[PDB]
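What follows is a single structure, written as structure tokens, with notes after it.
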Amino acid sequence: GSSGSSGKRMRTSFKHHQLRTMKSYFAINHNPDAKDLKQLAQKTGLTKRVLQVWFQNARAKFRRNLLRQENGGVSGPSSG
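As numbered in this note's numbering, residues 9 to 88 make up the sequence shown, in order.
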């Protein structure tokens, strides 16, 4: 019951092309399976690792803009 927990983190820059494929996917599937990972490593060129991380970082980042005022779709005070 451990998906390998180690203290390894780093930040790097990315292009607008490769990302387009990744970011777009993030919306399709937050938890991409190996197949998807290996498939993305090509559509973007990055490596499985780089992908796995980047994706994981997103979930953390979004959580921020998610609670912040900024938001999509129709929503309001209406009991929901």
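Don't be surprised by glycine CBs; every beta carbon is placed ideally from N, CA and C.
> Of the choices 73, 51, 50 and 62, whose alpha-carbon is the least far from that of residue 39?
Replying inline: 62
> Which residues bound the alpha helix (DSSP H) around residue 26?
Replying inline: 24-36
> Of all the options 37, 36 and 29, which has the alpha carbon lying nearest to the alpha carbon of residue 49?
Replying inline: 29
> Mapping DSSP to helix, strand and coil, what is residue 82?
Replying inline: coil
> residue 44 lies in the alpha helix (DSSP H); which residues open and close that run?
Replying inline: 42-51
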